[PDB]
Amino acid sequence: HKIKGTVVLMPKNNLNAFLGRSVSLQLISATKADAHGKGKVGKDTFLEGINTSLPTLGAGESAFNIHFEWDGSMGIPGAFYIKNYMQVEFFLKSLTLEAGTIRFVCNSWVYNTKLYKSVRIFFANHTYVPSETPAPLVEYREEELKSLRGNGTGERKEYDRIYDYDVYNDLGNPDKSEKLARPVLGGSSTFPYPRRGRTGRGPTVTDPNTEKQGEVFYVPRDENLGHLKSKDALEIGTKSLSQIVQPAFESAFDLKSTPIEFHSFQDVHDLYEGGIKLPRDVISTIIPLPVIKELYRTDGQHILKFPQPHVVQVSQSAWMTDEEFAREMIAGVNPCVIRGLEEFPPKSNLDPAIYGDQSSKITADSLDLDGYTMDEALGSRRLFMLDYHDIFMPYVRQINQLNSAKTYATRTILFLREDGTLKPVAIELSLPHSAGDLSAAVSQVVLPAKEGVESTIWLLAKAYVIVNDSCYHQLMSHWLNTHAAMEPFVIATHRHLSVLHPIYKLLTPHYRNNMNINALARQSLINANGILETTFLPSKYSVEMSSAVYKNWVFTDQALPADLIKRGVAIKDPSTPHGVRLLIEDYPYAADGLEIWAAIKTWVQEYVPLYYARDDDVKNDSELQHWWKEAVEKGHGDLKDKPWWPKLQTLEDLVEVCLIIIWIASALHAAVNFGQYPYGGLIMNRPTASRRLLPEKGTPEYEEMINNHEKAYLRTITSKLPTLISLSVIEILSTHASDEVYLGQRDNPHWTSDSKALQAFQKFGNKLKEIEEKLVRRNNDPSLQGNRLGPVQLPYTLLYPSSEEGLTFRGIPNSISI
């Protein structure tokens, strides 16, 4: 008696070579055990032929027939070993055993057998907490986790599947130059930081504490996502941009083939209209590269044309309105920093002995609050702020010592008008002062103006605010809070939860591509002299600023309701559907976010009880306890002393932790990521850097504000060359790959055999579709036009769950995937 099987696999890039003695599988019993309690193993069984009968295959997949000698006396197969005797690795999709069908979802690269210390093992798609593991599989389950953890030593190789932690000691390049040395981020009280995936390349020659450079920054093999279409390999684009395209742009500027600076706002608009003319060999260098070639239209000879950013598709001037500047604090790229202001003037916690008197210079009587007194505005909860004063002030002196960087620590006061829109009413541009200061520049307050030199000064004040906001968005809202904060949970999950584990199945879709993009980011984006440092204001101080901010990162404050309450933009109200009442009722990010949050909460609350009947079932789950202990004490270990970490001894705590992880990875990351080119593709709307402070009266620079305000603005913000690079990187990051897996989707319909879990997941997907219809109605509601569309007429679609491929300004992926 033989069991009929079907193996589906994808060749690395003909089929008969998989036959003969190329690939053997051995079934492993879940129910019948050897003398040591381990499931019995069948004979080596080779692929016998190509199956061309199976109608649904697609995706460059091939199917192979196989028949296993297996008596009922051997029990029910629950796992299998596979050995690849071919030289080249293949991608194993699945095994299916017929006549209830048994399904194995594998989705794993299988390298040549000689490269593996122990044989590759795959489990059938049943789901078990550890106390429910069929005994003959208990040791196999634990051994496979031991294999995944490795031993904390060694240089990781491409085919390794070893998950472990290290500090961010791989960003500096001190062996190339002392100027490229960077502080180790993580593992000290000076610089706390999330851990990242261990690579083990070993030390630089000049510094035992910094990891040597490498051509490839390892990730565990199945974290390195293949793509059927090379245009979908968006993560490789930053590498190409830093390594190939950036030097090509630089040469064009070095040879004076294009003007060095923008001279008018039209020179910026030209980038997406007629394009920019570049040297032939510069176009030729750029035009044939995968991913990069999708970023620009070209004549193939001299022109690159960027796509028209969403923010200018209806009005190219509306970004400069005060209405849009404020609206983007609730519905823009970075909609999560604004806070309620409940006293006046705003206060600082910084030491005046270091920075000088920190009293705000904004006077209440100077403000136009539409007829409200300050006491009325405070009491009616109509006063808000965008407060970068205490965040930036500690870094202003060192940033301003750089050539071509000058910033202020900014604070913007906002008033919620009776019509429900925000209006900006003052900007404070603060500088530190200490006795021995060389600079005579002073802090100042700038108020709104529509005419004259005062309008130029106000427009520049908004630019200094948005340089602070862009830096905070890129480093903190985006990099720290999503990419970096998530990676420790990815590592802990593979180290401690078996593929069989229900919480592994719940969480892992929300990790797709995260370790991969992070490793590529450590190599080319956040490295010394990398893309971020060379395009953003803080230069070599950028990543360490994120460490300072991480000192105040609180896991439980990443929950959306807790975030809203903490920032004073909502109050707890148990008479409301979400348990919070928004203080800005039409706050598009928050109002749409609450819907997505509630949908995820329902899903987690339905899934958890399928596997855990009482609080103890959580207390007695050994993998779960080890997982969470390690995630906290190792992964986020610099904050292990903090009192706010959930303990994980109850059903409530398990739901909370899973809910927060899924929210960060899916909707939070989407809302801060997919608006980058749509809003920031016009550099004047989202400047990444500022290069000079406000000019003094009686100077040429002051006269230029009067006579050529667009040039004054362009000389203040990001220069043309870093603009071309920053626009290219945010274009890649704002694109959805065509093989994305969105919230409410999974990569395989058979991820579990548990029908109740599958039903709950279908309900979750239906609810997300229901939510999308509701968000469409919100965008179509003329009463919500001021905040959901603004004068840019850009419907807020960033939290629509679904999307087609491309630069769509919508769609919530499961994971931090770009």
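Counting begins at 1, following the sequence as shown.
The entry shows a gap from residue 13 to residue 14, with 10 or more unmodelled residues of the deposited sequence in between.
Going from residue 435 to residue 436, the model skips none of the deposited residues; the chain is continuous there. Note on 443 to 451 vs 233 to 241: mean CA B-factor is higher in 233 to 241. Comparing 709 to 717 with 649 to 657, the stretch with the higher mean C-alpha B-factor in the PDB entry is 649 to 657. Based on the entry's C-alpha B-factors, the most elevated value among 356, 226, 675, 635 belongs to 226. Of the candidates 572, 423, 462, 389, the PDB record gives 572 the highest C-alpha temperature factor.
Ranked by Cα temperature factor within the chain, residue 265 sits in the highest third according to the deposited record. Sort the modelled residues of the chain by CA B factor and residue 619 lands in the highest third. Residue 688 sits in the lowest third of its chain by CA B factor, as recorded in the PDB entry. The PDB entry assigns residue 17 a C-alpha temperature factor belonging to the highest third of its chain's modelled residues. In the deposited entry, the Cα temperature factor of residue 81 places it in the middle third of its chain's modelled residues.
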